[PDB]
Amino acid sequence: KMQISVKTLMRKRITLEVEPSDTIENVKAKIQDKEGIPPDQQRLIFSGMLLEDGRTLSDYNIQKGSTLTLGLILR
Amino acid sequence: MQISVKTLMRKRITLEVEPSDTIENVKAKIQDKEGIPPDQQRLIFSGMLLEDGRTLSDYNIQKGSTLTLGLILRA
Amino acid sequence: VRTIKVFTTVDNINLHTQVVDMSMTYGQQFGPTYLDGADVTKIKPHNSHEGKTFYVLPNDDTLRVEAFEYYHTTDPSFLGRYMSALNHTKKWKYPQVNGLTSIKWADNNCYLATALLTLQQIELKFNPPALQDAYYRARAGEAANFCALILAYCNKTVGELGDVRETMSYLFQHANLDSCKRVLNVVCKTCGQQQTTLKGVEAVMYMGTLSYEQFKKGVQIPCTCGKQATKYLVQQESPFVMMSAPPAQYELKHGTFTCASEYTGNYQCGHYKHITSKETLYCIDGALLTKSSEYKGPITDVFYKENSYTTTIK
Ligand SMILES: [Br-]
Ligand SMILES: [Br-]
Ligand SMILES: [Zn+2]
């Protein structure tokens, strides 16, 4: 029959467990194991700052309980 | 420690509808398939908010068209 | 504390519910706040507002990703520019002339007329969802939102005179140009030849001749010896091609092109007109339409329709 398709932006909330000295590459990999999103298709945002793929949590002053927002680059 | 990242990923789902069903009927087709309730559902097609009392045809929603779903977030 | 329910958004697709105090101005609680064109940053909320929708600059990362997956920009000053210019384009008029949505002249919008009319004639599919849902509206006779995005994607201000050759370069980088590939070949009498193959935005744009028919035959460029080279089109795979050149008297012939643009005016102060090859040459000047049998004029850009071509030059 008909084949209508809807574009979505589903929202969720996950809880990572990390040591405040890991790298965003290490944090990106925890997302992969926990949800399945590859690190290459992973874009992270924290207070306006695009999370660099080699910087560590501390170089961005990440707290305990502070929440980051994850998007994926257009692919 | 105990860090949480919010995930807002994009998806594309394919509903099966007839070209005479209502936006109330289409909104409910999202509900069974994804779980977003119709009250928290905003749908847009070709730059136009789909009113909750018009049929697909009232928008020329032909077989193959792409709709956009938005969400009335709360807090 | 007197409050009301109102929605903040960045894309007018995902609305965020907000409760606002009726003492402090919008700009105190939300930051810069625009309501469908109007800058309401320094004004207090009124009772009539409950149930409306406001546009706000993205302040929280939840909004940055929302406004990045719809406008495809990282620039913090995009919604500031999109909303600053959409207040003006909403006041313009978009006459439907010759089955096409044009723009009635105001604030030196000459180039947006030819640009918008050319887009309805060549095959373009935009990658950003903002352009995706605003072009759709533009083809239905209402392009208020569409011309605002172009005024932001090109970083031009309402009133700032603009160039069509450059204005279409920004839309093309935000368009589905992936299966477009052009292979050029250059031949010097003493060096032999070199083949260049370029794909994407540069496979539909060229500056140096308006006659596509010439591009197959060749155009002459300086060589690395001190001598003359000859450059010619070997292969072209693209739904269309843009040929552009500095304004000059060029003659357009029926069924030879798809549409063109004319620059009748002086250097750094001018006016654009649009010529399209329907059954007979139509000259679309925004809200005025005049047909003619032939068109000899100061044409600067010519658009040709293509599917796939392979040169016959052995
Ligand atoms: Br609407
Ligand atoms: Br020479
Ligand atoms: Zn040479």
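The deposited coordinates derive from X-ray crystallography, with the record listing a resolution of 3.50 Å.

Asks: Any chance you could explain the nonpolar core here in plain terms?
Replies: Generally speaking, soluble globular proteins have nonpolar side chains that are buried together. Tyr71(C), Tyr82(C), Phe126(C), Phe146(C), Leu149(C), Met168(C) and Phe172(C) are the most contacted members of the largest nonpolar core, which has 91 residues in total. No other element matches helix α6 (residues 144-153) of chain C, which puts nine residues into this core. When neighbours within four sequence positions are excluded, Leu149(C) is seen to be in contact with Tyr71(C), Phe78(C), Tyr82(C), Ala130(C), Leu131(C) and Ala134(C). By size, the runner-up hydrophobic cluster in this structure holds 20 residues, among which are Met10(A), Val17(B), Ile23(B) and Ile30(B).

Asks: I would appreciate a short explanation of the pairing of strand β13 (residues 240-252) of chain C in the present structure.
Replies: In summary, the side chains of a regular strand alternate between the two faces of the sheet. Residues and elements named next belong to chain C. In this sheet, β13 lies alongside strand β10 (residues 205-207) in parallel orientation, the contact comprising three bridges. Pairing of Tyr206 across the sheet is with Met243, part of β13. Of the strand pairs in this sheet, β13 and strand β18 (residues 295-305) are connected by 10 bridges, and their pairing is antiparallel. Its bridge partner being in β18, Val241 is matched across the sheet by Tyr304.

Asks: Mind showing me how you'd approach empty space enclosed by the protein here?
Replies: One water molecule sets the probe size; rolling that probe over the atoms shows where empty space is left. Residues and elements named next belong to chain C. Approximately 50 Å³ is the volume attributed to the second largest cavity. Around the second largest cavity sit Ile103, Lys104, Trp105, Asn109, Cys110, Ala113, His271, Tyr272, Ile284, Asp285 and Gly286, which together line it. By residue class, the composition of the lining of the second largest cavity is six nonpolar, three polar and two charged.

Asks: Hey, could you run me through the interface of chain B and chain A in this one?
Replies: Taken together, the 33 residues of chain B in the interface contact 35 residues of chain A. Looking at the side of chain B that touches chain A, the elements with two or more residues in it are β1 (3-8), β2 (11-15) and β4 (66-70) of chain B. When grouped by side-chain class, the residues that make up the side of chain B that touches chain A number 16 nonpolar, nine polar and eight charged. Where strand β1 (residues 4-8) of chain A meets β2(B), five bridges bridge the pair, whose relative direction is antiparallel. Considered in β2(B), the bridge of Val6(A) is made with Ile13(B).

Asks: What should I look at first to understand helix α2 (residues 61-71) of chain C in this one?
Replies: Every α-helix carries 3.6 residues per turn, so stepping three or four residues along brings you back to the same face. Residues and elements named next belong to chain C. Of all 11 residues making up α2, 10 are buried, and the element is well covered by its neighbours. Among all positions in α2, only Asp61, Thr62, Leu63, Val65, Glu66, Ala67, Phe68, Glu69, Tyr70 and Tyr71 are buried. Looking one or two residues past α2, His72 carries a phi angle of roughly 55 degrees, positive in sign.

Asks: Can you help me understand the coordination of the zinc ion (ligand 3) in this one?
Replies: In an ideal tetrahedron of four donors about a metal, each angle is 109.5 degrees. In an ideal octahedron of six donors, the angles are 90 or 180 degrees. Residue and element names in this part refer to chain C. Coordination of the zinc ion (ligand 3) by the protein comes from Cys188 (SG), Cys191 (SG), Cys223 (SG) and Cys225 (SG), over a distance range of 2.3 Å. Mapping the donors of the zinc ion (ligand 3) onto the primary sequence yields the spacing C-x2-C-x31-C-x1-C. Here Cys191 is found in the loop between β8 (181-188) and β9 (192-199), whereas its partner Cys223 is found in the loop between β11 (219-222) and β12 (228-237), with 32 residues between them in sequence.

Asks: Where do I start with the environment of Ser5(A) in this structure?
Replies: Within the element layout of this structure, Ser5(A) appears in strand β1. Those residues in contact with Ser5(A) that sit more than four places away from it in its chain are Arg12(B), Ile13(B), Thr14(B), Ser65(B), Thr66(B) and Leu67(B). Reaching out from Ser5(A), the side chain makes a polar contact with the side chain of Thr66(B) at a distance of 3.4 Å.

Asks: I'm lost on the interface of chain A and chain C in this one. Help?
Replies: It is common to give the size of an interface as the accessible area lost on bringing the parts into contact. Residue-level contacts link 11 residues of chain A with seven residues of chain C. The junction of chain A with chain C conceals about 860 Å² of combined surface from both sides, 62% of it contributed by carbon and sulfur atoms. Area buried by chain A at its contact with chain C is led by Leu9(A), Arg43(A) and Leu74(A), which between them contribute 48% of it. Connecting chain A to chain C are zero salt bridges. Between chain A and chain C we count two residue pairs in polar contact in total. Secondary-structure elements contributing two or more residues to the side of chain A that touches chain C are β3 (43-46) and β5 (67-71) of chain A.

Asks: Sorry, what's going on with the sheet that holds strand β17 (residues 289-291) of chain C here?
Replies: Sheet strands pair via backbone hydrogen bonds, and the direction of the pair is either parallel or antiparallel. All names here are of chain C. What the seven strands build is an open sheet, ordered β10-β13-β18-β14-β15-β16-β17; its pairing is mixed. Each edge of the sheet is formed by a strand with only one pairing partner; in this case those strands are β10 and β17. When the angles between neighbouring strand axes are averaged without regard to direction, this sheet yields 25 degrees. Running at roughly 20 degrees to strand β15 (residues 272-277), helix α4 (residues 110-119) makes contact with β14 (259-263), β15, β16 (281-284) and β18 of the sheet. Each of β10, β13, β14, β15 and β18 touches helix α7 (residues 164-173); the most contacted strand, β10, lies at about 155 degrees to it.

Asks: Would you mind showing me how to read the packing of aromatic side chains here?
Replies: Aromatic ring pairs: the centre-centre distance and the angle between the two ring planes describe each pair. Residue and element names in this part refer to chain C. Counted according to the given criterion, the structure contains 15 aromatic pairs over all chains. Look at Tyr212 and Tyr309: their rings are 6.4 Å apart centre to centre, the planes differ by 40 degrees, and that puts the pair in the tilted class. Taken together, the residues span a long stretch of sequence, with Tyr212 in helix α8 (residues 212-217) and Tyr309 in strand β19 (residues 309-310) at a distance of 97 residues. For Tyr309, a relative accessible area of 42% puts it in the partly exposed group.

What counts, and at which threshold
Residues numbered from 1 in each chain as written, not as in the entry; some residues may be left out. Chains lettered and ligands numbered in written order. Heavy atoms only, no water. Residues with missing side-chain atoms left out of burial classes, pairs and counts. Core = buried A, V, L, I, M, F, W, Y, C linked by side-chain atoms within 4.5 Å. Buried < 20%, exposed > 50% of the residue type's maximum accessible area, 1.4 Å probe, protein only. Helix = DSSP H or I, 4+ residues; strand = E, 2+ residues; numbered from the N terminus. Contact = heavy atoms within 4.5 Å. Pairing = 2+ DSSP bridges. 1 Å grid on protein atoms, 1.4 Å probe; cavity = no way out; pocket = protein on both sides within 12 Å on 5 of 7 lines; lining within 4 Å. Points joined across faces, edges and corners; volume = space filled by probe spheres on them. Nonpolar A, V, L, I, M, F, W, Y, C, P; charged D, E, K, R; others polar. Donors = N, O, S within 2.8 Å, 3.2 Å for Na, K, Ca; no water. Polar contact = N/O pair within 3.5 Å; in protein donor to acceptor, adjacent residues only side chain to side chain. Buried area = accessible area lost by both parts, 1.4 Å probe. Salt bridge = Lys/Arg side-chain N within 4 Å of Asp/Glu carboxyl O. Axes fitted to C-alpha atoms, helices over the stretch in contact; angles between N-to-C directions. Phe/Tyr/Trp six-rings, centres within 6.5 Å; stacked < 30°, edge-to-face > 60°.

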